[PDB]
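So the chains spell out like this:
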Amino acid sequence: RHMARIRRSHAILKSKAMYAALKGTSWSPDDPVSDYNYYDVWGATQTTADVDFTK
Amino acid sequence: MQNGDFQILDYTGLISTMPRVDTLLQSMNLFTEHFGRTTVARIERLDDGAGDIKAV
């Protein structure tokens, strides 16, 4: 039972880390050392194609 | 038959009717039947999950 819990906990973390990449940030929830912001690191910006459904 | 006392009749049989009964659910075999011995039943349930893994 404990082994299965450990496996599932690692699997969840992998998916969360992969998701965190798209938003342009590294995943290090409890550590400021490796908390990178890629837009800042590479010197870029985020463009927004906001869509309005009300019209 | 006999109408009154001095007259006769023609007899045409009987008519019968019954109400409706629905059997939709029984046709779906959705339930399972168990036969016990006493009027008390016990059920046990188990839950499991996962957790977070923070950086170290």
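Residues numbered from 1 in each chain as written, not as in the entry; some residues may be left out. Chains lettered and ligands numbered in written order. Part of a larger assembly, values for the part shown. Heavy atoms only, no water.

For this entry, the PDB record names cryo-EM as the structure determination method and reports a resolution of 3.6 Å.

### Brief notes about the interface of chain A and chain B
Taken together, the contact pairs ten residues of chain A with eight residues of chain B. Summed over both partners, the interface of chain A with chain B comes to about 870 Å²; 51% of that surface belongs to carbon and sulfur atoms. By the criterion of area lost to chain B, the three top residues of chain A are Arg8, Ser9 and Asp30 of chain A, representing 49% of everything that side buries. Across the chain A-chain B interface, the total number found is three salt bridges. In this structure, the salt-bridge partner of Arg8 of chain A is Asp48 of chain B, at a minimum N-O distance of 2.7 Å. Connecting chain A to chain B are six residue pairs in polar contact. Considered class by class, the residues forming the side of chain A that touches chain B number three nonpolar, two polar and five charged. (Contact = heavy atoms within 4.5 Å. Buried area = accessible area lost by both parts, 1.4 Å probe. Salt bridge = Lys/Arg side-chain N within 4 Å of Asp/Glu carboxyl O. Polar contact = N/O pair within 3.5 Å; in protein donor to acceptor, adjacent residues only side chain to side chain. Nonpolar A, V, L, I, M, F, W, Y, C, P; charged D, E, K, R; others polar.)

### What to know about helix α1 (residues 2-22) of chain A
With 21 residues, α1 of chain A extends 32 Å between its outermost C-alpha atoms, agreeing within 8% with the 30 Å of an ideal straight helix rising 1.5 Å per residue. At the C-terminal side of α1 of chain A, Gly24 of chain A shows a positive phi close to 85 degrees. (Helix = DSSP H or I, 4+ residues; strand = E, 2+ residues; numbered from the N terminus. Expected span 1.5 Å × (residues − 1).)

### Looking at a nonpolar patch on the surface
Together, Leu24, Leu25, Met28, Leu30 and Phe31 of chain B give the surface a local cluster of nonpolar side chains, amounting to about 610 Å² of exposed area. You can see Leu24 of chain B is positioned in the segment after β2 (7-8). (Patch = residues over 30% accessible without salt bridge, like charges linked within 9 Å, V, L, I, M, F, W, Y side chains within 5 Å. Areas by Shrake-Rupley, 256 points an atom, 1.4 Å probe, with all protein chains shown as cover.)

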